[PDB]
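Everything below concerns the one structure shown next.
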Amino acid sequence: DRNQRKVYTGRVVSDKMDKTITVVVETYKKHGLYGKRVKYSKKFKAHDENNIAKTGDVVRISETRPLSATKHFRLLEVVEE
Amino acid sequence: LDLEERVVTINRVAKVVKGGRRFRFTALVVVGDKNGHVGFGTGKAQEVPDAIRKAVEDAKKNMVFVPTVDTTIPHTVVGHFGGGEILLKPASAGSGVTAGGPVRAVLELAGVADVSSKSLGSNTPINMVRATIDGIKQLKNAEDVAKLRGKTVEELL
Amino acid sequence: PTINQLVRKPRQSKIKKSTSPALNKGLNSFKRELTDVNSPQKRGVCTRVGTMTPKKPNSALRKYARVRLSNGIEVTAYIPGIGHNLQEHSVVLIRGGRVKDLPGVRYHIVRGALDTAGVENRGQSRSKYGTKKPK
Amino acid sequence: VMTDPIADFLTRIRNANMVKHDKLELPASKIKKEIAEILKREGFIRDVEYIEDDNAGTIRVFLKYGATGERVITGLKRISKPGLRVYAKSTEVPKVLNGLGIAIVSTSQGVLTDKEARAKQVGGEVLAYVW
Amino acid sequence: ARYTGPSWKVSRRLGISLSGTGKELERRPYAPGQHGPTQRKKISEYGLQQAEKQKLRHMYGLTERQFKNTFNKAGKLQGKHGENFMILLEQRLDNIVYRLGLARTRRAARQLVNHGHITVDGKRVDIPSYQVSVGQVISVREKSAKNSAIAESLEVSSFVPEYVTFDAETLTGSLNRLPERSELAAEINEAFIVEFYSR
Amino acid sequence: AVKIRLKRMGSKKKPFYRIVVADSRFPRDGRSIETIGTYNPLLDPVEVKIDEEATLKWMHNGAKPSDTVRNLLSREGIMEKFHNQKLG
RNA sequence: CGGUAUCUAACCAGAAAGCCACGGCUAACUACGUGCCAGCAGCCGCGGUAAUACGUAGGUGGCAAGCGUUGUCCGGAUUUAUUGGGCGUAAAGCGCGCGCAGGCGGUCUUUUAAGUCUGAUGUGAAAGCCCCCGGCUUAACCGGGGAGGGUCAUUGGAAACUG
Ligand SMILES: [Mg+2]
Ligand SMILES: [Mg+2]
Ligand SMILES: [Mg+2]
Ligand SMILES: [Mg+2]
Ligand SMILES: [Mg+2]
Ligand SMILES: [Mg+2]
Ligand SMILES: [Mg+2]
Ligand SMILES: [Mg+2]
Ligand SMILES: [Mg+2]
Ligand SMILES: [Mg+2]
Ligand SMILES: [Mg+2]
Ligand SMILES: [Mg+2]
Ligand SMILES: [Mg+2]
Ligand SMILES: [Mg+2]
Ligand SMILES: [Mg+2]
Ligand SMILES: [Mg+2]
Ligand SMILES: [Mg+2]
Ligand SMILES: [Mg+2]
Ligand SMILES: [Mg+2]
Ligand SMILES: [Mg+2]
Ligand SMILES: [Mg+2]
Ligand SMILES: [Mg+2]
Ligand SMILES: [Mg+2]
Ligand SMILES: [Mg+2]
Ligand SMILES: [Mg+2]
Ligand SMILES: [Mg+2]
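Chains q, e, l, h, d and p are the protein sequences, given in the same order.
Per the entry's author numbering, numbering through the first sequence is continuous, rising by one, with the last residue being 83.
Per the entry's author numbering, numbering through the second sequence is continuous, rising by one, with the last residue being 166.
Per the entry's author numbering, numbering through the third sequence is continuous, rising by one, with the last residue being 136.
Per the entry's author numbering, numbering through the fourth sequence is continuous, rising by one, with the last residue being 132.
Per the entry's author numbering, numbering through the fifth sequence is continuous, rising by one, with the last residue being 200.
Per the entry's author numbering, numbering through the sixth sequence is continuous, rising by one, with the last residue being 89.
Dropping the structure here:
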């Protein structure tokens, strides 16, 4: 019995920084008028505590309080490479 | 039988001869009865009343039938003769008949009480009448479809 | 076009153009710039009066007046009716409406509203041309 | 066919009607067989048969005409093409020709006619209009 | 009333004997004006709908704004649009006052109702547009029961319709039920009205 | 402070009030928290409808009725039973 | 507010109707005056000595305490066409090819629930449009109840189709 936080899954795209990983999340959205499913990817920032992730991996992240200027998401686990 | 004529248009056509021009009047006439039979005809003569006479005589050979369940066409249909198109839709009871120039005459001399229509193509009266006639020819009743497809009337719908 | 070709680049519709460009502009003196505001009539002072000749096949002597509006744009207008009283340095009110004959005239002077008077000896169609009801 | 086989099936039937053919054969598939069965059970064709071969199999259909022609099936069209797929809610299932025709909808319990999809109160991708 | 002028001219132009027994057309049944005996002109389609509309609003004598407003609010009831339009035009207090026999013309009934001589269900009402419902009773205010004109208005009574009730001892009437186009009017195609207003 | 109070609407010289709840600060016709009932004074026995148990629990939290609303609640018996369950 | 609403007596048809249009679209025609002049005009277009198109008069048609003109917006316009258009000659296939990203993808089995479909809960304030009752002598207007509006959040189901 406790309120929950949003959770996302995606692919790691950059790792050159320290303790952080950039994650891209992909989704459909139907167009406003012609009703066709179109791809759209939004790229996030996550806090990796031990530099575990690597470029190209498939990971799961969750939301948290703002931990930096542009980071507010936390790594949860690595789904796969 | 009891036929009610209605002149749709009268046009004055001309041909050029070495001595000048020669003018002839052509009449389009839609005839029919309020029971569900309607046809159209075209006549051409050097005088208007004789043009209407020729047009009604020609029209008296092109009767068709308009299935008119409950004073309404069974369903929507698009007539596409020539360069013109007419779209006909069933309408609610007591809504009148709303249509263009000649399609109104065609649908009112056939006895149809309630229908909606839109001229999606050209506006030449002859082509509008012909397209409306084609659209009517594309009409079929529920009983006929049930007979064709084996299923009885109620199981059909 | 395929639906993908419309997703990639949509349909841009036409754009219309105004036909009375003077009546939808105003002037602000403090910053000296033409603002956009649509007005049904507009007043101005006439800098000349005279007549023109219409296009073929019509033939007459059409009475115009060249005016300068409140926003600085100077145009040409047409005086309807039989006779007028306009002169130099006269203040008039103008409104849209083009005469087909005169190539340049595009606006149209309203009568009886300002320094310009009505049309004398009207009996009917009187609201236009601005004449009071006799007797 | 290369892109969409259901449209090919519909257009083969339509092409066969125009010249008053009697039967037609085409490659088989798990959805084409069920579409043919719906068409037969509804009353738009005469019969359907399955011929076996090496790779995938073949399906033949015997079309239906009245006593003097009068094509029993007078029109087909595809609604959800590969370039744009359309889905219908349970309260949006189309009614073809005021119920004179039928619409095929691939719901969660197989493919159904328009009528029976309004009995289970379910919807899904509309495939074709037949009338 | 609201439109004041000769009444034979309107009936002559429209071609029926609206609000009368033919008294407007026995002599000179042709249109007014300088023309009218000189020539007759073929009617266009727009003219047909225009005539069939003017045939009805001049009959009940109400202006265009009220006419379209009552058309629109009649369009909401279940059933047929023209029928419901023409039925609740018969529910105006003027119509019932005329039908009972308290006036000789709809103008007279309207002028009687304006001056407050008619009380609907015991309360005096001074307006001619009050749509009366089924089960309400109509009196003559008991202070103007014995007037000349209203007394002679029963000398030429055109016989009450079947959808009302009226007695002369109490000088009191009421609306029984609603008419259904099988009782009212015989020269008007309301479908033309619907076509004219649905263009 | 939060209080339950009347809110005016209707027409010129024909007023009609809706017993609502609001902060002191917010405008007379402005935003509210919820609607409690109605109040019509143009009848001989003034016409009132009150949700009762909703305003009963919603006055335990520290909402004080206006004077007129106090009169209406007293006539409706609400305040006596509020008092009772306060000491009961 | 305010002697405001409302009510009761007596007197007089007496104080109280204009605006636009009449060649066609567009419902409604005759006479006089003028003579490519005066002038009219939304488009087609009238006027050169017999003008239903200019000016006036008689009549007629729309509306009505209003009637017209101008300005802006939507419709008719399927004239940016998802619903709902096209490219041989009317406007419209790049001069042709190799091809990254992107778009689409033959047949069958098992699994998944991203897209798809469905149940429930929470929410989408009040006023507004709509439906049903009520109060103002009717109406406008004002009340009472309801519905509709979400590519919405949480949670549970179905697996044909796309992934
Ligand atoms: Mg004029
Ligand atoms: Mg009191
Ligand atoms: Mg006093
Ligand atoms: Mg007197
Ligand atoms: Mg006319
Ligand atoms: Mg003359
Ligand atoms: Mg004219
Ligand atoms: Mg004239
Ligand atoms: Mg008049
Ligand atoms: Mg008024
Ligand atoms: Mg106006
Ligand atoms: Mg305008
Ligand atoms: Mg458009
Ligand atoms: Mg091509
Ligand atoms: Mg060329
Ligand atoms: Mg070309
Ligand atoms: Mg090319
Ligand atoms: Mg080429
Ligand atoms: Mg596949
Ligand atoms: Mg793919
Ligand atoms: Mg709301
Ligand atoms: Mg009432
Ligand atoms: Mg309200
Ligand atoms: Mg309400
Ligand atoms: Mg499966
Ligand atoms: Mg499952």
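From the three backbone atoms N, C-alpha and C, an ideal C-beta is built for every residue, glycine too.
query, result
"Endpoints, beta strand (DSSP E) assigned at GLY120/e", "Element bounds for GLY120/e: n/a, residue is neither H nor E."
"Residue-chain proximity (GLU117/h, chain e), Cβ-Cβ < 9 angstroms", "no"
"Entirely enclosed alpha helix (DSSP H) segments - the segment 31 to 82 of chain h, minimum 4 residues", "31 to 43"
"Close Cβ partners of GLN55/e (< 6 angstroms) along its chain, the five nearest in sequence each way excluded", "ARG33"
"Within-9 angstroms CB hit, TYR30/q to chain l", "no"
"Under 7 angstroms by beta carbon: chain d residues contacting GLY105/e", "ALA192, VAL195, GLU196 and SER199"
"Spatial distance of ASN5/l from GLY84/h (CA atoms)", "8 angstroms"
"Under the three-state DSSP convention, the category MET53/l falls into", "strand"
"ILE79/p to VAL49/p span [Cα, whole Å]", "13 angstroms"
"Meets three-Cβ-pair contact criterion under 8 angstroms: the segment 86 to 102 of chain d and the segment 127 to 144 of chain d", "yes"
"Candidates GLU66/e, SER126/e and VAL25/e, of which the one nearest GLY144/e by Cα", "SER126/e"
"Unbroken stretches of the beta strand (DSSP E), 3 residues or longer, contained in the segment 20 to 93 of chain d", "none"
"Interface partners of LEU7/l on chain q, CB under 7 angstroms", "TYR36"
"Per-residue DSSP class, three states only, for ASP153/e", "helix"
"Spatial distance of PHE27/p from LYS4/p (CA atoms)", "11 angstroms"
"Boundaries (first-last residue) of the beta strand (DSSP E) holding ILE145/e", "Per DSSP, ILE145/e belongs to no beta strand (DSSP E); it is in the alpha helix (DSSP H), 134 to 146."
"Local Cβ density within 10 Å of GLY124/h, reported as buried at 16 or more and exposed below that", "buried"
"Length of the line joining the Cα atoms of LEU118/e and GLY105/e", "13 angstroms"
"Residue range of the beta strand (DSSP E) that includes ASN20/e", "16 to 26"
"Beta strand (DSSP E) segment containing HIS46/e, residue limits", "46 to 54"
"Backbone secondary structure at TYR99/d - three-state DSSP", "helix"
"Status (buried if at least 16 other CB within 10 Å, exposed otherwise) for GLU25/d", "buried"
"Against chain h: residues of the segment 91 to 105 of chain e by CB proximity under 8 angstroms", "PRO99"
"Same chain only: Cβ atoms within 7 angstroms of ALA32/d, ignoring 5 sequence neighbours per side", "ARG13 and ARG14"
"Selection of the segment 48 to 82 of chain h by Cβ proximity to chain e, strictly under 8 angstroms", "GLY67, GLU71 and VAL73"
"Proximity test, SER45/d beta-carbon vs ligand 5 heavy atom, cut-off 8 angstroms", "yes"
"Any non-hydrogen atom of ligand 10 within 8 angstroms of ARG58/d CB", "no"
"Test: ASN18/h CB closer than 9 angstroms to a CB of chain e", "no"
"Cβ of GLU43/h within 9 angstroms of any chain e Cβ", "yes"
"Residues of the segment 92 to 125 of chain h whose Cβ lies closer than 7 angstroms to any Cβ of chain e, in chain order", "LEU98, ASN99, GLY100 and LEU101"
"Near ligand 2: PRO16/p beta-carbon under 8 angstroms from a heavy atom", "no"
"Test item: CB-CB of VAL78/e and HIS46/e under 9 angstroms", "no"
"Close beta carbons around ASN72/l, own chain, < 6 angstroms, minus the five adjacent residues each side", "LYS26, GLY27 and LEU28"
"Proximity winner among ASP5/h, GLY67/h and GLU43/h, relative to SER30/h (alpha-carbon distances)", "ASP5/h"
"Extent of the continuous beta strand (DSSP E) to which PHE167/d belongs", "165 to 168"
"Cβ-based neighbour list, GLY102/h, same chain, cut-off 7 angstroms, excluding 5 preceding and 5 following", "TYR130, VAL131 and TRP132"
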